[PDB]
Amino acid sequence: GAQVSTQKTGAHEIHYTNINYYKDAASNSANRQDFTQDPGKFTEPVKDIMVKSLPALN
Amino acid sequence: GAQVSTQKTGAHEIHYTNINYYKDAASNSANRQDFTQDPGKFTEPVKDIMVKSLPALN
Amino acid sequence: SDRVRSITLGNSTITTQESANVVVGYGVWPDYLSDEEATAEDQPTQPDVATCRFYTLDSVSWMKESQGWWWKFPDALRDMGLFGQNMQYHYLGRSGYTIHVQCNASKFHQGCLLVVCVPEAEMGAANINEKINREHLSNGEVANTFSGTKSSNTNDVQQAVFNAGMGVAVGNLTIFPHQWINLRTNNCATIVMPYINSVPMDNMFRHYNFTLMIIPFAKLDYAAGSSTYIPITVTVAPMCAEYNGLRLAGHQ
Amino acid sequence: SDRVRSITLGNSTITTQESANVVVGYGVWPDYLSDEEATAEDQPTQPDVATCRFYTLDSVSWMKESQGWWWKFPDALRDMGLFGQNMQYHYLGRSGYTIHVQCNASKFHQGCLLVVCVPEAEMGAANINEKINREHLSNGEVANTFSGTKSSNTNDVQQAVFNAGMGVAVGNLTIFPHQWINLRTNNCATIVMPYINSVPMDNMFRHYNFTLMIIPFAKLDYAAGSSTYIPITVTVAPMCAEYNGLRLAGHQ
Amino acid sequence: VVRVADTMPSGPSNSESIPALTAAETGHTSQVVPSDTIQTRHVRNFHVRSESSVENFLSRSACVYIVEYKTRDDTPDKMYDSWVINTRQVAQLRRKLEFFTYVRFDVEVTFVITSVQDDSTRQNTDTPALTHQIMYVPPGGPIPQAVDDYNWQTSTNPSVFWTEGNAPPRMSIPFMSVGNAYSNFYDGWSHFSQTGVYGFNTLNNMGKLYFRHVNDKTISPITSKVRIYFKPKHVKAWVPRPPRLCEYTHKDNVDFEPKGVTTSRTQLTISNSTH
Amino acid sequence: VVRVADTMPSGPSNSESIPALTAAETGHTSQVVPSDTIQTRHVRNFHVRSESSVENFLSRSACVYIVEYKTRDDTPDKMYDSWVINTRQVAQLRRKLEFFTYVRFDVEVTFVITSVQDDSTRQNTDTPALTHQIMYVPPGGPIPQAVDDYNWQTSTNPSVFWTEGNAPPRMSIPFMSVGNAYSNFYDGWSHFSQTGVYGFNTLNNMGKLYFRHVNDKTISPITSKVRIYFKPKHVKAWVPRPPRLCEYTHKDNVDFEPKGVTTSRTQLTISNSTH
Amino acid sequence: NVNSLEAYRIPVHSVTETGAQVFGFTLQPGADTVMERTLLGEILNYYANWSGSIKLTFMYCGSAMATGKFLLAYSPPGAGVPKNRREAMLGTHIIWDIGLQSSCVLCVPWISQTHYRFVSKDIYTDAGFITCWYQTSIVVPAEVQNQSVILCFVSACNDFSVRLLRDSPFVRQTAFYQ
Amino acid sequence: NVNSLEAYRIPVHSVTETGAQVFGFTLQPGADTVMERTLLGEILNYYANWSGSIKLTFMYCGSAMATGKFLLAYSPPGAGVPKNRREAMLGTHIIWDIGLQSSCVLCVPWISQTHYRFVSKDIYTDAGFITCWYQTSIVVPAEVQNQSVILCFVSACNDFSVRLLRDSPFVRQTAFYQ
Ligand SMILES: CCCCCCCCCCCCC/C=C/[C@H](O)[C@H](N)CO
Ligand SMILES: CCCCCCCCCCCCC/C=C/[C@H](O)[C@H](N)CO
């Protein structure tokens, strides 16, 4: 029941092993490898979107 | 001799690993994941069952 | 051009000719509550014409020394038709909104408003260990007013523009769904605001969902022959309003 | 057997065990207004749970000398929840009804009621060239009472049982949708009543749609040790209620 | 993964069906759903009856008794202690077990031992680490009558040794009854002539524990107090029964003083007044 | 593995395209890249927004409170201590949580316990190792009112026992709210008539901790001070908001004295002079 | 009346006018004094959160020759307690006619802000009021007793749950049980 | 001016000759007093290293009949502060013409020795100077106010990063919050 995933290494130059030991999901370690984002709801939060080269309020 | 089963998670959004270490079944952990029931022997404990829309003592 | 916008909700229509755009929340458009996110078990009430329509609040006067204004918004519509009546007869409410603010001038007037729509604007007190009365947080369709300096009234909100009643930097208050009314380009500011809460439905008297804030950064200024009286008019329309838990009328 | 009946409309349920049947109007079941018979042009309001539900009126006491009672029925529900509020905020209303009347006794009591549901029961006056006040035709959920003889009160209906307030034979008053509450077989009388008018929608304050009448033909009678107090309870549920022409609250 | 029942939508009804009319005189609990009386919507419900099962309700450690003994005394009986094993001297675990009539479970026993220096004139000592001994005697075995008695050898009896400062001692115990379930209630006598003792005291017969210090006579008195924690696991339970209203009195019988059924209201109808 | 955006090369331009001209009045943040205004080269950029995520920003242990209690006293209330659980008495973890309005996280709780011998005339003792007990009471449970009180039995309440000198005690705690998120701010009242208390104090309702010494009355006073460390893990966060400018005053409200927006400069234009 | 069996009897009889209140209590299974020591109140007093619907069953224990009607109303909070039968029929109710079938069911619908209430008392999760009114009076013949007795029942529906373990506030011991 | 809302207003008007300095500050998002308490300054004050480009947006809040031009210059360090408009247009700049489109963007390009700067102040990673100058004056017609107000905005680009966690130097408490 082991899971293998890559480590946080640098660029231009791994594979740790994890087994869960407790019956509950509140015992698991922190999910410190989710690096995704989406600033489309804070920047650009408008109807009838803008095309960045048009005068846009033309 | 390992056994893999799902964890207690919430809804709308696992797989712990267990190995038994002792020769006796009285050493095992608590069976805290049996969620079945049957209240047909406490509610509805009658002969000639009732159909819930009929007057039932008609 | 895209400066002309028309909005129809019910038997009420707004036509604008110097609009800018429409900000829609955090990208989410107001919709009804699904069966998976539901908690209550009984049939809701969806009036959909007699409730979802534009209501016009009081106009406020904008002098050269004006500081700002705020309205609490499930409570400013307490006495606005069948929306307010449906608030009075049910226990659980849930709606989104459309906030349209009117202010007009000429090409010789200058000034710049910031229209913010802030969720959970829990406000501070003028005296720190003192309880605020409800007539100062909200007054219905009548606006409450910020002050320029440190206010210290009894049972009142700390009224200073540079802390927005919340203890934050007023310049950083643009993280929320906002627009500007700049008097050389704009005439109006439309903000579509969805339902935001920690629970799927809530009571519309015990809770304050959000707070509209209209704060003039660039102060109003004009010459010695121009018009002095410049009003500011707020119009609100509930969207996808539904109601749950019918009982007698009251709030206690 | 078919004597047990259960009726569910909203969050209110009536279970009866000595019912007789259910009379449905003139065969027509209450439905909404189609697009071909429509007159008004705007979207109606269909609450459908917060409006269509059973409301309980006042209980009336039935002595041995009781003569009869009447209720006008778009007006007896003026102060009954969101039905009465939706009456107060709109101009045009349209609904059908379900009229359930409760009266119980024992197997030692005797008596017989006639529960009639009369459309357009335009009533006469006690003094012939005199105007009737509105407090005597209707009183809301409080019943008005017939008299045994020729009544001659001021600004009042001619209250005689043998003319039913309309100048007709009271025995011929069974041409209307009716049932009987006979105390040796019955316990209740359910009448489903559709919308009957000369126009597709109408105002629910200026007009009286119908009049429930409960008249005891066989007088109430019992022995010297039985129970004296026998109430009569009327419960009403609007059906397929829709509303048109929203404006401010009032009636003038 | 067993969910609770969904709420199904309904509309208006007018028929001879009567879900709300029933007869409770048949000992039958009506199966009426809220979609049988009023108009409901569709609610997809994700609640789980998880933390209400008989396993999760009973499998919690509970203090059953406190055992006190010393390390030097004038009388030898206060230097050791004993306890006849029952679960009926603390009211919380007793009332949690007495929801049912018969039970079948394995036990998980945990001891928590603390020592306190007694008041004396020579408190300025340097005491090495105390070691305790807990001997279990199955019913019928020989009984130690002193701390230096030779019945503390544990050649066949189960025992556990604990040095001060470690983790609490823990061992597992299987189902030990001579019948098919631990009988919580026994309505009957001990003798066939219907005399003797009346109650569950005939069916206890579980053995008894013994406690002492493995160290010898110290030069200052120290009072040890060890607390026994039972944990019922692998649980089966039969034929439920109402919880006890009345306060307990003793361990051996079920006797009581009569108690009122609930708290009084002083009125019978609610109002919007001072209620 | 999510990199930041590369910088793309550009050349001279002369056209009717205007990336630098926009309108900030629409509530829109312009998406202008440096290759839209000036001539840039090609830069292959390998930076990762890794240590700025909401998981890595909040999942650090933070002291929330200090709890002090003794081992022998004349008054019984100073031999034990209690704490109503909040995260709003230390400003660092409070200000780190108040970036958002609603949060959903599991908690990882760590206690650090230190003992100091109090000043007395009989400091020359030999004290055996102190054992501490930390009992958590869910909201509504019974409250201990002495150190020898019988509500310290922990038959159903969660507890932890620690002997002096070991590792700090650590346990995990799931998401415990009755709603869908821990509401950091609640703009509303407690009563339906809009009276009562105003703020987030209605929605705390988390229970409270209890602290004592498992050992009995010692012959010299020792002051224990235990520090509670929360660690928010499994983090989700919604609807951000500006950080607080002003210094806090209390735990139950949000009130303040007004503070200036930033530090003054005394001039408005820079120069190569004494700036 | 708690130190007897009269606490279970709901008195009911012939009235003078109509429309009076029979009884009334607050929907708190585990905090209300009415359903505190009841079986649902006991099991819910071993928990801290609860959720789901509640059935109330009413048995008429009078005579076979007596008739009557009642209004069994549930009212969600936000207003107060309904003060007459006019305010009581604006909520969830049922008219029960007493005949051959001797028992009725008021199934209290789960109507809540959150998913769970609290078993103990707080202002935030308040649930409402159970009240009962005279629809029509109790008409009885001669040589039959007038005053009769209603019995009441409670249980949970099939969508019911409990969440947080705690000790019951009913257990109070001082010493051991020697 | 910090104890008011006047701290956000950049005063601008008609000049006498030309080419004077409007405002000026140093590019230190988290160490400069100008953008210290700003949102980028707060989040960067929870970090110790930063990297990437910075957008500065300037909104003209004057009247529709007023015109003007400005020079929005960025100057990398190595020299000092530019002392006139002649020294300011030798670096990265933009001429902004005020018309219908009311806001301009000066996008400060990432020009650095290393990959990261420091958020606190040191001589090694110094970043440069933001300055603003009059290209042409503000010409306004009659019966229109002369003195107007510029507002300024800041945010980060899509290649921005922060690296090292630390506590913010803004939190200062003495006792607990009883
Ligand atoms: C020293 C090592 C062995 C430790 C022995 C400790 C306890 C031995 C007895 C097992 C526990 C059974 C306790 C009683 C169980 C049932 O609840 C009762 N018979 C009544 O139901
Ligand atoms: C002794 C074993 C159990 C230890 C119990 C320690 C803490 C129990 C409560 C869990 C911690 C929740 C703390 C509060 C979380 C949220 O930040 C607040 N509600 C406000 O957001």
# chains A, B, ... in the order shown; residues from 1 in each chain; ligands from 1
call {"tool": "residues_near_ligand", "arguments": {"ligand": "ligand 2", "cutoff": "6 Å", "atoms": "only C-alpha atoms and all ligand atoms", "output": "PDB file with N, CA and C atoms, in the first residue's frame"}}
result
ATOM      1  N   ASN F  86      -9.884  29.385  21.461  1.00  0.00           N
ATOM      2  CA  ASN F  86      -9.960  30.279  20.315  1.00  0.00           C
ATOM      3  C   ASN F  86      -8.569  30.425  19.718  1.00  0.00           C
ATOM      4  N   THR F  87      -8.502  31.078  18.562  1.00  0.00           N
ATOM      5  CA  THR F  87      -7.234  31.365  17.905  1.00  0.00           C
ATOM      6  C   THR F  87      -6.957  32.861  17.861  1.00  0.00           C
ATOM      7  N   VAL F 107      -6.654  20.218  12.272  1.00  0.00           N
ATOM      8  CA  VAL F 107      -5.768  20.848  13.243  1.00  0.00           C
ATOM      9  C   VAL F 107      -4.830  19.780  13.796  1.00  0.00           C
ATOM     10  N   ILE F 134      -4.346  16.426  30.221  1.00  0.00           N
ATOM     11  CA  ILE F 134      -5.002  17.439  29.407  1.00  0.00           C
ATOM     12  C   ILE F 134      -6.302  16.838  28.896  1.00  0.00           C
ATOM     13  N   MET F 135      -7.426  17.281  29.448  1.00  0.00           N
ATOM     14  CA  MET F 135      -8.734  16.776  29.056  1.00  0.00           C
ATOM     15  C   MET F 135      -9.453  17.797  28.189  1.00  0.00           C
ATOM     16  N   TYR F 136      -9.948  17.345  27.044  1.00  0.00           N
ATOM     17  CA  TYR F 136     -10.774  18.154  26.161  1.00  0.00           C
ATOM     18  C   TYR F 136     -12.241  17.851  26.411  1.00  0.00           C
ATOM     19  N   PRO F 158     -12.052  13.100  25.263  1.00  0.00           N
ATOM     20  CA  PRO F 158     -10.668  12.825  24.862  1.00  0.00           C
ATOM     21  C   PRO F 158      -9.676  13.362  25.881  1.00  0.00           C
ATOM     22  N   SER F 159      -8.571  12.640  26.048  1.00  0.00           N
ATOM     23  CA  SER F 159      -7.573  12.986  27.046  1.00  0.00           C
ATOM     24  C   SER F 159      -6.194  12.581  26.548  1.00  0.00           C
ATOM     25  N   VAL F 160      -5.164  13.112  27.203  1.00  0.00           N
ATOM     26  CA  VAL F 160      -3.784  12.733  26.919  1.00  0.00           C
ATOM     27  C   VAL F 160      -2.980  12.851  28.211  1.00  0.00           C
ATOM     28  N   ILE F 173      -6.752  16.557  14.868  1.00  0.00           N
ATOM     29  CA  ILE F 173      -8.157  16.905  15.081  1.00  0.00           C
ATOM     30  C   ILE F 173      -8.821  17.250  13.753  1.00  0.00           C
ATOM     31  N   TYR F 182     -14.989  27.240   8.842  1.00  0.00           N
ATOM     32  CA  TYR F 182     -14.781  28.084  10.017  1.00  0.00           C
ATOM     33  C   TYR F 182     -14.927  29.537   9.596  1.00  0.00           C
ATOM     34  N   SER F 183     -15.983  30.186  10.063  1.00  0.00           N
ATOM     35  CA  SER F 183     -16.240  31.575   9.714  1.00  0.00           C
ATOM     36  C   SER F 183     -15.330  32.462  10.550  1.00  0.00           C
ATOM     37  N   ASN F 184     -14.363  33.110   9.896  1.00  0.00           N
ATOM     38  CA  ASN F 184     -13.465  34.010  10.613  1.00  0.00           C
ATOM     39  C   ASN F 184     -14.175  35.287  11.023  1.00  0.00           C
ATOM     40  N   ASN F 204     -18.057  30.765  17.872  1.00  0.00           N
ATOM     41  CA  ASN F 204     -16.868  30.087  18.380  1.00  0.00           C
ATOM     42  C   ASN F 204     -17.183  28.632  18.714  1.00  0.00           C
ATOM     43  N   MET F 206     -16.396  25.902  20.524  1.00  0.00           N
ATOM     44  CA  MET F 206     -15.470  24.815  20.210  1.00  0.00           C
ATOM     45  C   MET F 206     -15.128  23.907  21.384  1.00  0.00           C
TER      46      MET F 206
END
call {"tool": "residues_around", "arguments": {"residues": "residue 52 (chain B)", "least_positions_apart": "3", "cutoff": "12 Å", "atoms": "only C-alpha atoms", "output": "PyMOL selection string"}}
result
(chain B and resi 44+49+55-58) or (chain E and resi 17-23+28-33+36) or (chain G and resi 105)
call {"tool": "write_last_selection", "arguments": {"atoms": "N, CA, C and O atoms", "output": "compact mmCIF listing (two decimals), in the first residue's frame"}}
result
# COMPACT_ATOMS: atom_id res chain seq x y z
N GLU B 44 -41.81 -2.42 13.09
CA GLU B 44 -42.51 -3.48 12.36
C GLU B 44 -42.38 -4.92 12.87
O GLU B 44 -42.14 -5.84 12.08
N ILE B 49 -47.99 -8.13 7.91
CA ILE B 49 -47.42 -6.78 7.86
C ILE B 49 -48.34 -5.74 7.21
O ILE B 49 -49.28 -6.05 6.47
N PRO B 55 -55.83 1.34 5.41
CA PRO B 55 -56.20 1.75 6.78
C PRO B 55 -55.58 0.90 7.87
O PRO B 55 -55.36 1.43 8.97
N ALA B 56 -55.30 -0.39 7.61
CA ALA B 56 -54.34 -1.18 8.38
C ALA B 56 -54.68 -1.33 9.86
O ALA B 56 -54.00 -0.71 10.68
N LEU B 57 -55.63 -2.24 10.18
CA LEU B 57 -56.72 -2.24 11.18
C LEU B 57 -57.97 -1.67 10.51
O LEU B 57 -58.86 -1.12 11.15
N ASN B 58 -58.02 -1.80 9.18
CA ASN B 58 -59.27 -1.59 8.44
C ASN B 58 -60.40 -2.54 8.88
O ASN B 58 -60.17 -3.63 9.38
N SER E 17 -55.89 7.28 0.31
CA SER E 17 -54.68 6.85 1.01
C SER E 17 -54.50 7.65 2.29
O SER E 17 -54.64 8.87 2.30
N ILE E 18 -54.18 6.95 3.37
CA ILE E 18 -53.99 7.59 4.68
C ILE E 18 -52.69 7.14 5.34
O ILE E 18 -52.69 6.24 6.18
N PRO E 19 -51.55 7.75 4.99
CA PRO E 19 -50.31 7.41 5.70
C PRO E 19 -50.27 7.92 7.13
O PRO E 19 -49.65 7.28 7.99
N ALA E 20 -50.93 9.04 7.42
CA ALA E 20 -50.89 9.61 8.76
C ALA E 20 -51.83 8.91 9.73
O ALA E 20 -51.59 8.97 10.94
N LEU E 21 -52.87 8.25 9.24
CA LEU E 21 -53.77 7.48 10.10
C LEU E 21 -53.24 6.06 10.23
O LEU E 21 -53.03 5.38 9.23
N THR E 22 -53.05 5.62 11.47
CA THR E 22 -52.48 4.31 11.75
C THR E 22 -53.10 3.80 13.04
O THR E 22 -54.14 4.30 13.49
N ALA E 23 -52.49 2.78 13.63
CA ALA E 23 -52.91 2.24 14.91
C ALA E 23 -51.66 1.82 15.67
O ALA E 23 -51.00 0.85 15.28
N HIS E 28 -46.74 -1.33 16.69
CA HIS E 28 -46.10 -1.04 15.42
C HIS E 28 -45.73 0.44 15.37
O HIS E 28 -46.56 1.30 15.69
N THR E 29 -44.49 0.72 14.99
CA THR E 29 -44.04 2.08 14.80
C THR E 29 -44.24 2.45 13.33
O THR E 29 -43.73 1.76 12.44
N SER E 30 -44.99 3.53 13.10
CA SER E 30 -45.35 3.93 11.75
C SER E 30 -44.13 4.40 10.97
O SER E 30 -43.22 5.04 11.51
N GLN E 31 -44.10 4.08 9.68
CA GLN E 31 -42.94 4.33 8.82
C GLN E 31 -43.12 5.59 8.01
O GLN E 31 -42.68 5.67 6.86
N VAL E 32 -43.75 6.61 8.59
CA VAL E 32 -44.19 7.79 7.85
C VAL E 32 -42.99 8.68 7.55
O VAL E 32 -42.23 9.06 8.45
N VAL E 33 -42.82 9.00 6.27
CA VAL E 33 -41.74 9.83 5.74
C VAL E 33 -42.34 11.22 5.61
O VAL E 33 -43.57 11.33 5.43
N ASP E 36 -44.93 12.07 2.84
CA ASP E 36 -46.25 11.47 2.88
C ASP E 36 -47.33 12.43 3.34
O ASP E 36 -48.51 12.20 3.07
N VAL G 105 -50.32 10.76 13.01
CA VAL G 105 -48.89 11.02 12.96
C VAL G 105 -48.67 12.45 12.48
O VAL G 105 -49.01 12.78 11.34
call {"tool": "residues_near_ligand", "arguments": {"ligand": "ligand 1", "cutoff": "9 Å", "atoms": "only C-alpha atoms and all ligand atoms", "output": "MDAnalysis selection string"}}
result
chainID E and resid 85:88 94 97:98 101:110 133:138 157:161 170:177 181:185 200 203:210 228 230 232
call {"tool": "closest_atom_pairs", "arguments": {"of": "chain C", "to": "chain E", "cutoff": "9 Å", "atoms": "only C-alpha atoms", "output": "JSON lines"}}
result
{"residue": "C:34", "atom": "CA", "partner": "E:43", "partner_atom": "CA", "distance": 8.8}
{"residue": "C:35", "atom": "CA", "partner": "E:43", "partner_atom": "CA", "distance": 5.2}
{"residue": "C:36", "atom": "CA", "partner": "E:44", "partner_atom": "CA", "distance": 5.4}
{"residue": "C:37", "atom": "CA", "partner": "E:44", "partner_atom": "CA", "distance": 8.3}
{"residue": "C:38", "atom": "CA", "partner": "E:43", "partner_atom": "CA", "distance": 6.5}
{"residue": "C:39", "atom": "CA", "partner": "E:43", "partner_atom": "CA", "distance": 7.5}
{"residue": "C:40", "atom": "CA", "partner": "E:43", "partner_atom": "CA", "distance": 7.8}
{"residue": "C:41", "atom": "CA", "partner": "E:40", "partner_atom": "CA", "distance": 6.2}
{"residue": "C:42", "atom": "CA", "partner": "E:40", "partner_atom": "CA", "distance": 4.4}
{"residue": "C:43", "atom": "CA", "partner": "E:41", "partner_atom": "CA", "distance": 4.9}
{"residue": "C:44", "atom": "CA", "partner": "E:41", "partner_atom": "CA", "distance": 7.9}
call {"tool": "residues_around", "arguments": {"residues": "residue 186 (chain D)", "least_positions_apart": "3", "cutoff": "9 Å", "atoms": "only C-alpha atoms", "output": "PDB file with N, CA, C and O atoms, in the first residue's frame"}}
result
ATOM      1  N   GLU D  18     -64.283   9.245   8.952  1.00  0.00           N
ATOM      2  CA  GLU D  18     -65.692   9.061   8.625  1.00  0.00           C
ATOM      3  C   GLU D  18     -66.106  10.025   7.529  1.00  0.00           C
ATOM      4  O   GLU D  18     -67.137  10.691   7.613  1.00  0.00           O
ATOM      5  N   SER D  19     -65.292  10.123   6.484  1.00  0.00           N
ATOM      6  CA  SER D  19     -65.662  10.962   5.359  1.00  0.00           C
ATOM      7  C   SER D  19     -66.743  10.277   4.532  1.00  0.00           C
ATOM      8  O   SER D  19     -67.071   9.104   4.727  1.00  0.00           O
ATOM      9  N   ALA D  20     -67.306  11.025   3.590  1.00  0.00           N
ATOM     10  CA  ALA D  20     -68.320  10.484   2.702  1.00  0.00           C
ATOM     11  C   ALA D  20     -67.799  10.341   1.280  1.00  0.00           C
ATOM     12  O   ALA D  20     -67.736   9.227   0.753  1.00  0.00           O
ATOM     13  N   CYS D 103     -66.978  18.601  12.052  1.00  0.00           N
ATOM     14  CA  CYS D 103     -67.898  18.578  13.184  1.00  0.00           C
ATOM     15  C   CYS D 103     -68.009  17.139  13.652  1.00  0.00           C
ATOM     16  O   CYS D 103     -68.314  16.251  12.853  1.00  0.00           O
ATOM     17  N   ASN D 104     -67.761  16.901  14.934  1.00  0.00           N
ATOM     18  CA  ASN D 104     -67.842  15.562  15.488  1.00  0.00           C
ATOM     19  C   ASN D 104     -68.877  15.492  16.603  1.00  0.00           C
ATOM     20  O   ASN D 104     -69.225  16.493  17.229  1.00  0.00           O
ATOM     21  N   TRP D 180     -73.662  17.080   2.931  1.00  0.00           N
ATOM     22  CA  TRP D 180     -74.355  17.055   4.208  1.00  0.00           C
ATOM     23  C   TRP D 180     -73.419  16.522   5.280  1.00  0.00           C
ATOM     24  O   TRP D 180     -72.609  15.629   5.022  1.00  0.00           O
ATOM     25  N   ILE D 181     -73.527  17.068   6.485  1.00  0.00           N
ATOM     26  CA  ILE D 181     -72.896  16.424   7.626  1.00  0.00           C
ATOM     27  C   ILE D 181     -74.006  15.859   8.499  1.00  0.00           C
ATOM     28  O   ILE D 181     -74.590  16.568   9.323  1.00  0.00           O
ATOM     29  N   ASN D 182     -74.330  14.591   8.285  1.00  0.00           N
ATOM     30  CA  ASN D 182     -75.267  13.867   9.116  1.00  0.00           C
ATOM     31  C   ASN D 182     -74.490  13.203  10.240  1.00  0.00           C
ATOM     32  O   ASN D 182     -73.553  12.448   9.982  1.00  0.00           O
ATOM     33  N   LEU D 183     -74.887  13.466  11.483  1.00  0.00           N
ATOM     34  CA  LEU D 183     -74.085  13.056  12.626  1.00  0.00           C
ATOM     35  C   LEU D 183     -74.135  11.561  12.918  1.00  0.00           C
ATOM     36  O   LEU D 183     -73.414  11.103  13.811  1.00  0.00           O
ATOM     37  N   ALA D 189     -66.978  17.171   5.537  1.00  0.00           N
ATOM     38  CA  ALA D 189     -67.537  17.450   4.219  1.00  0.00           C
ATOM     39  C   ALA D 189     -66.499  18.219   3.416  1.00  0.00           C
ATOM     40  O   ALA D 189     -66.222  19.378   3.727  1.00  0.00           O
TER      41      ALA D 189
END
call {"tool": "interface_residues", "arguments": {"of": "chain B", "to": "chain A", "cutoff": "10 Å", "atoms": "only C-alpha atoms", "output": "PyMOL selection string"}}
result
chain B and resi 2-10+14-18+32-33
call {"tool": "write_last_selection", "arguments": {"atoms": "N, CA, C and O atoms", "output": "CSV table (one decimal), in the first residue's frame"}}
result
chain,number,residue,atom,x,y,z
B,2,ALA,N,-0.6,-8.0,4.1
B,2,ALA,CA,-1.2,-6.7,4.3
B,2,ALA,C,-2.6,-6.6,3.7
B,2,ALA,O,-2.9,-7.3,2.7
B,3,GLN,N,-3.4,-5.7,4.3
B,3,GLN,CA,-4.7,-5.5,3.9
B,3,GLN,C,-5.0,-4.0,3.7
B,3,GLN,O,-4.7,-3.3,4.6
B,4,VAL,N,-5.5,-3.6,2.6
B,4,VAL,CA,-5.7,-2.2,2.2
B,4,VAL,C,-7.2,-2.0,2.1
B,4,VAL,O,-8.0,-2.7,1.5
B,5,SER,N,-7.6,-0.9,2.8
B,5,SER,CA,-9.0,-0.5,2.8
B,5,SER,C,-9.2,1.0,3.0
B,5,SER,O,-8.2,1.7,3.4
B,6,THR,N,-10.3,1.5,2.6
B,6,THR,CA,-10.5,2.9,2.5
B,6,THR,C,-10.7,3.6,3.9
B,6,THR,O,-11.0,2.9,4.9
B,7,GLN,N,-10.4,4.9,3.9
B,7,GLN,CA,-10.5,5.7,5.1
B,7,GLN,C,-11.9,6.3,5.3
B,7,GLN,O,-12.6,6.5,4.3
B,8,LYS,N,-12.2,6.8,6.5
B,8,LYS,CA,-13.4,7.6,6.7
B,8,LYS,C,-13.1,9.0,6.3
B,8,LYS,O,-12.4,9.8,6.9
B,9,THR,N,-13.6,9.4,5.1
B,9,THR,CA,-13.6,10.7,4.6
B,9,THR,C,-15.0,11.3,4.5
B,9,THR,O,-16.0,10.6,4.6
B,10,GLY,N,-15.1,12.6,4.3
B,10,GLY,CA,-16.3,13.3,4.1
B,10,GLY,C,-16.9,13.1,2.7
B,10,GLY,O,-16.3,12.4,1.8
B,14,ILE,N,-6.5,8.5,1.3
B,14,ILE,CA,-7.3,7.3,1.8
B,14,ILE,C,-6.4,6.1,1.7
B,14,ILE,O,-5.1,6.2,1.5
B,15,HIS,N,-7.0,4.9,1.7
B,15,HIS,CA,-6.3,3.6,1.6
B,15,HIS,C,-5.2,3.4,2.6
B,15,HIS,O,-4.0,3.4,2.3
B,16,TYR,N,-5.6,3.3,3.9
B,16,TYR,CA,-4.6,2.9,4.9
B,16,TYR,C,-4.2,1.5,4.8
B,16,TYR,O,-4.8,0.7,4.1
B,17,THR,N,-3.1,1.1,5.5
B,17,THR,CA,-2.5,-0.2,5.5
B,17,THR,C,-2.4,-0.8,6.8
B,17,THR,O,-1.9,-0.1,7.8
B,18,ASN,N,-2.9,-2.0,7.0
B,18,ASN,CA,-2.9,-2.7,8.3
B,18,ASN,C,-2.3,-4.1,8.1
B,18,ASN,O,-2.6,-4.8,7.2
B,32,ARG,N,-14.4,-0.6,13.6
B,32,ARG,CA,-15.1,0.6,13.7
B,32,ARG,C,-15.7,1.1,12.3
B,32,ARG,O,-15.9,2.3,12.1
B,33,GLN,N,-15.9,0.2,11.4
B,33,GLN,CA,-16.3,0.5,10.0
B,33,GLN,C,-17.5,-0.4,9.6
B,33,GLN,O,-17.8,-0.5,8.4
call {"tool": "interface_residues", "arguments": {"of": "chain F", "to": "chain H", "cutoff": "6 Å", "atoms": "only C-alpha atoms", "output": "VMD selection string"}}
result
chain F and resid 4 to 5 20 to 23 34 49 89 250 to 251 260 to 261 263 268 to 272
call {"tool": "select_by_dssp", "arguments": {"residues": "region 2-122 of chain F", "states": "helix (DSSP H, G or I)", "output": "list in words"}}
result
residues 24, 25, 26, 34, 35, 36, 54, 55, 56, 57, 58, 76, 77, 78, 79, 91, 92, 93, 94, 95, 96 and 97 of chain F
